[PDB]
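Engineer: Below: the sequence, then the experimentally determined structure.
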Protein chains: 2
Amino acid sequence: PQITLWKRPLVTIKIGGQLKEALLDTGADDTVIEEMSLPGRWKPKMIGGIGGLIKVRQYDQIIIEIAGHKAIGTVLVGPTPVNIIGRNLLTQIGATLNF
Amino acid sequence: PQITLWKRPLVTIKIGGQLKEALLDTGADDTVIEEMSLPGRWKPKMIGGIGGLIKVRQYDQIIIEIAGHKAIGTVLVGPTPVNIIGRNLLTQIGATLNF
């Protein structure tokens, strides 16, 4: 699609067979999704969050659909207030900033 | 321009007659720029930062050039580690996310 920025650029994603709302964030290097049911192995990581650090599970090679576009990449799963799609996955769907 | 996201989307901005590097961030509502010389009146605000809150000066009706495109809007000036161009100014230069 072509998304203007008058409102937050929120889209529907599909991950672990579940639909969620997520923010397309060009200022984020990585993707962080709220706690959820996923199968498979993961590695513990900590990242910055509101209030301080948060504990996440790093899942590699996750299939995610972002506004109907399928992508493979790493997803950090933990207690974030906003689902964030960062550049690691925006690059996989060919997303560009245009002006 | 059309900016891909393999690297951070850093561009040159011009503000208060000074060139700076800034991150184009669709996940940011507002624009935050490092401490600098500016003329004019301002209002004190606090926002979230790395480590905790930070103190900023809110300047309204600031002219800023973003990769050669001129925009008018509000800028928060304070001790940020990264200059961030948020949606308040991305909308003014007609920026879209495209995929």
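Structural biologist: Okay, I see it. Residues are numbered from 1 along each chain as shown, chains lettered A, B, ... in the order given.

Engineer: quick one, strands of chain A?
Structural biologist: Applying DSSP state E to chain A gives strands spanning A:2-4, A:10-15, A:18-24, A:32-33, A:43-49, A:52-66, A:69-77, A:84-85, A:96-98.

Engineer: Who are the packing partners of the fifth one?
Structural biologist: Meaning strand A:43-49. strand A:52-66 (3 or more Cβ pairs under 8 Å, 6 or more residues apart in numbering or on different chains; DSSP states H and E). Placement of C-beta: from N, CA and C, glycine included.

Engineer: hmm, back to that, looking at the strands of chain A, which is closest to residue B:35?
Structural biologist: Closest approach to residue B:35 among the strands of chain A (Cβ to Cβ): strand A:43-49, 21.7 Å.

Engineer: C-alpha coordinates for the closest one, CSV please?
Structural biologist: The C-alpha coordinates for strand A:43-49 follow below in CSV (Å, rounded to 0.1, in the frame of the first residue of the first chain):
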residue,chain,number,x,y,z
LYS,A,43,16.8,-17.2,23.0
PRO,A,44,16.4,-14.8,26.0
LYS,A,45,17.2,-11.1,25.3
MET,A,46,16.6,-7.8,27.1
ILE,A,47,15.8,-4.5,25.3
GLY,A,48,14.8,-1.0,26.3
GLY,A,49,11.2,-0.4,27.2
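
Engineer: Just grab the bridge partners of residue A:75 for me.
Structural biologist: residue A:59 (DSSP bridges).

Engineer: wait, what's in contact with it?
Structural biologist: A:15, A:31-33, A:58-59, A:62, A:64, A:89 (Cβ atoms under 8 Å, 6 or more residues apart in numbering or on different chains).

Engineer: what do you get if the cut-off is 10 Å, keeping everything else the same?
Structural biologist: For residue A:75, the contact set (Cβ atoms under 10 Å, 6 or more residues apart in numbering or on different chains) comprises A:15-16, A:30-33, A:36, A:38, A:42, A:56-64, A:83, A:85-86, A:88-89.
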